[PDB]
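Pasted below: final-v8.pdb, PDB, C-alpha atoms.
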```
ATOM      1  CA  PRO H  14     -12.261   0.386 -13.590
ATOM      2  CA  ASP H  15     -13.691  -1.491 -10.598
ATOM      3  CA  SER H  16     -10.275  -2.606  -9.363
ATOM      4  CA  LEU H  17      -6.678  -1.408  -8.982
ATOM      5  CA  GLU H  18      -3.358  -3.213  -9.522
ATOM      6  CA  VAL H  19      -0.937  -2.163  -6.764
ATOM      7  CA  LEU H  20       2.668  -3.351  -6.396
ATOM      8  CA  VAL H  21       4.325  -3.346  -2.979
ATOM      9  CA  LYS H  22       8.085  -3.460  -2.533
ATOM     10  CA  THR H  23       9.594  -4.096   0.889
ATOM     11  CA  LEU H  24      13.124  -3.094   2.007
ATOM     12  CA  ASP H  25      14.260  -6.730   1.507
ATOM     13  CA  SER H  26      13.584  -6.414  -2.248
ATOM     14  CA  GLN H  27      10.410  -8.508  -2.377
ATOM     15  CA  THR H  28       7.747  -7.133  -4.749
ATOM     16  CA  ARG H  29       4.191  -8.435  -4.559
ATOM     17  CA  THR H  30       1.255  -7.507  -6.793
ATOM     18  CA  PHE H  31      -2.222  -7.010  -5.323
ATOM     19  CA  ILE H  32      -5.589  -6.477  -6.988
ATOM     20  CA  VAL H  33      -8.059  -4.562  -4.829
ATOM     21  CA  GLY H  34     -11.393  -2.720  -5.070
ATOM     22  CA  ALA H  35     -10.781   0.675  -6.643
ATOM     23  CA  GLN H  36     -12.287   2.587  -3.692
ATOM     24  CA  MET H  37     -10.194   0.825  -1.033
ATOM     25  CA  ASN H  38      -8.537   3.173   1.457
ATOM     26  CA  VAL H  39      -4.980   3.035   2.802
ATOM     27  CA  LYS H  40      -5.900   1.525   6.195
ATOM     28  CA  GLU H  41      -7.818  -1.248   4.403
ATOM     29  CA  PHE H  42      -4.957  -1.832   1.960
ATOM     30  CA  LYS H  43      -2.545  -2.325   4.855
ATOM     31  CA  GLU H  44      -5.000  -4.903   6.246
ATOM     32  CA  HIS H  45      -5.284  -6.549   2.808
ATOM     33  CA  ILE H  46      -1.527  -7.008   2.377
ATOM     34  CA  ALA H  47      -0.591  -7.721   6.013
ATOM     35  CA  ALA H  48      -0.510 -11.515   5.786
ATOM     36  CA  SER H  49       1.358 -11.508   2.441
ATOM     37  CA  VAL H  50       4.045  -9.084   3.653
ATOM     38  CA  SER H  51       4.224 -10.403   7.247
ATOM     39  CA  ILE H  52       3.847  -6.928   8.772
ATOM     40  CA  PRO H  53       0.841  -6.188  11.016
ATOM     41  CA  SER H  54      -1.257  -3.398   9.524
ATOM     42  CA  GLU H  55      -0.682  -1.012  12.456
ATOM     43  CA  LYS H  56       3.097  -1.346  11.916
ATOM     44  CA  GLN H  57       3.103  -0.529   8.189
ATOM     45  CA  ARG H  58       4.268   2.731   6.643
ATOM     46  CA  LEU H  59       3.549   3.067   2.898
ATOM     47  CA  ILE H  60       5.464   5.511   0.701
ATOM     48  CA  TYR H  61       4.813   6.694  -2.862
ATOM     49  CA  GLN H  62       6.463   9.509  -4.843
ATOM     50  CA  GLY H  63       8.088  11.055  -1.761
ATOM     51  CA  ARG H  64       5.038  10.938   0.476
ATOM     52  CA  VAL H  65       3.656   8.817   3.266
ATOM     53  CA  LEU H  66       0.192   7.485   2.438
ATOM     54  CA  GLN H  67      -2.459   8.467   4.977
ATOM     55  CA  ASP H  68      -4.833   5.871   6.397
ATOM     56  CA  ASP H  69      -8.083   7.688   5.692
ATOM     57  CA  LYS H  70      -7.324   8.436   2.022
ATOM     58  CA  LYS H  71      -8.238   6.207  -0.896
ATOM     59  CA  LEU H  72      -5.493   4.492  -2.887
ATOM     60  CA  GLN H  73      -7.010   6.043  -6.051
ATOM     61  CA  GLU H  74      -6.269   9.540  -4.697
ATOM     62  CA  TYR H  75      -2.547   8.752  -4.949
ATOM     63  CA  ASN H  76      -3.001   7.392  -8.516
ATOM     64  CA  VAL H  77      -1.067   4.205  -7.708
ATOM     65  CA  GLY H  78      -2.747   1.905 -10.276
ATOM     66  CA  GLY H  79      -0.040  -0.245 -11.890
ATOM     67  CA  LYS H  80       2.592   1.456  -9.704
ATOM     68  CA  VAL H  81       5.079   0.406  -7.015
ATOM     69  CA  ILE H  82       4.456   1.582  -3.418
ATOM     70  CA  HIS H  83       7.218   1.054  -0.843
ATOM     71  CA  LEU H  84       6.498  -0.576   2.503
ATOM     72  CA  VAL H  85       8.577  -0.046   5.623
ATOM     73  CA  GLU H  86       7.970  -1.460   9.115
ATOM     74  CA  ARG H  87       7.334   0.983  12.000
TER      75      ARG H  87
END
```
structure tokens encoding of this file:
Amino acid sequence: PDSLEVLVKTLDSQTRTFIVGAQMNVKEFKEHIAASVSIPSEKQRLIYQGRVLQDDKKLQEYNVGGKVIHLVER
């Protein structure tokens, strides 16, 4: 598909659902969600299945479509 559904849960138990271009990278995803989650992109750490997502990698590489990613500040 052309786009990915990505859920983001913060430590305060808020879960938001985003729909983004399927080739979007992690740095760009942080920028996409920053206003919604009220955490500046440079202060975001994203975690999925035990691992910290790296800025230069594509979301798709982590196979997160339809899945929950956790977001922590700093």
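With distances taken over all atoms listed in the file, H:18 is the one residue among H:58, H:79, H:18, H:85 lying closest to residue H:37.
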Exercise: residue H:52 partners within 12 Å, all atoms listed in the file, chain neighbours under 4 positions left out, as an NGL selection string: :H and (23 or 43-48 or 56-59 or 84-87)
Name every residue that the PyMOL selection byres ((chain H and resi 82) around 12) selects in this structure, writing the answer as number ranges by chain with chains first and numbers rising. H: 18-24, 27-31, 39, 42-43, 46, 57-66, 72, 75-81, 83-85
Got time to write the residues from that selection, C-alpha atoms, as a compact mmCIF listing (two decimals), keeping the file's coordinate frame?
```txt
# COMPACT_ATOMS: atom_id res chain seq x y z
CA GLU H 18 -3.36 -3.21 -9.52
CA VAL H 19 -0.94 -2.16 -6.76
CA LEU H 20 2.67 -3.35 -6.40
CA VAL H 21 4.32 -3.35 -2.98
CA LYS H 22 8.09 -3.46 -2.53
CA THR H 23 9.59 -4.10 0.89
CA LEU H 24 13.12 -3.09 2.01
CA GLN H 27 10.41 -8.51 -2.38
CA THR H 28 7.75 -7.13 -4.75
CA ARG H 29 4.19 -8.44 -4.56
CA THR H 30 1.25 -7.51 -6.79
CA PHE H 31 -2.22 -7.01 -5.32
CA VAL H 39 -4.98 3.04 2.80
CA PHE H 42 -4.96 -1.83 1.96
CA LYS H 43 -2.54 -2.33 4.86
CA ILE H 46 -1.53 -7.01 2.38
CA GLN H 57 3.10 -0.53 8.19
CA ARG H 58 4.27 2.73 6.64
CA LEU H 59 3.55 3.07 2.90
CA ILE H 60 5.46 5.51 0.70
CA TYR H 61 4.81 6.69 -2.86
CA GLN H 62 6.46 9.51 -4.84
CA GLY H 63 8.09 11.06 -1.76
CA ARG H 64 5.04 10.94 0.48
CA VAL H 65 3.66 8.82 3.27
CA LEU H 66 0.19 7.48 2.44
CA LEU H 72 -5.49 4.49 -2.89
CA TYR H 75 -2.55 8.75 -4.95
CA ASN H 76 -3.00 7.39 -8.52
CA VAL H 77 -1.07 4.20 -7.71
CA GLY H 78 -2.75 1.90 -10.28
CA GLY H 79 -0.04 -0.24 -11.89
CA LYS H 80 2.59 1.46 -9.70
CA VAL H 81 5.08 0.41 -7.02
CA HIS H 83 7.22 1.05 -0.84
CA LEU H 84 6.50 -0.58 2.50
CA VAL H 85 8.58 -0.05 5.62
```
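Of the listed residues (H:68, H:40, H:74, H:49), H:74 comes nearest to residue H:17; the distances count all atoms listed in the file.
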Atomic distance atom CA of residue H:15 - atom CA of residue H:36, expressed in Å with one decimal: 8.1 Å
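The shortest atom-to-atom distance to residue H:71, with all atoms listed in the file taken into account, belongs to H:41 out of H:16, H:41, H:53, H:32.
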With 5 Å on each side, where is the centre of the axis-aligned box around all listed atoms of stretch 55-68 of chain H, and how long are its edges in Å to one decimal, as JSON?
```
{"center_x": 1.6, "center_y": 4.9, "center_z": 3.8, "size_x": 22.9, "size_y": 22.4, "size_z": 27.3}
```
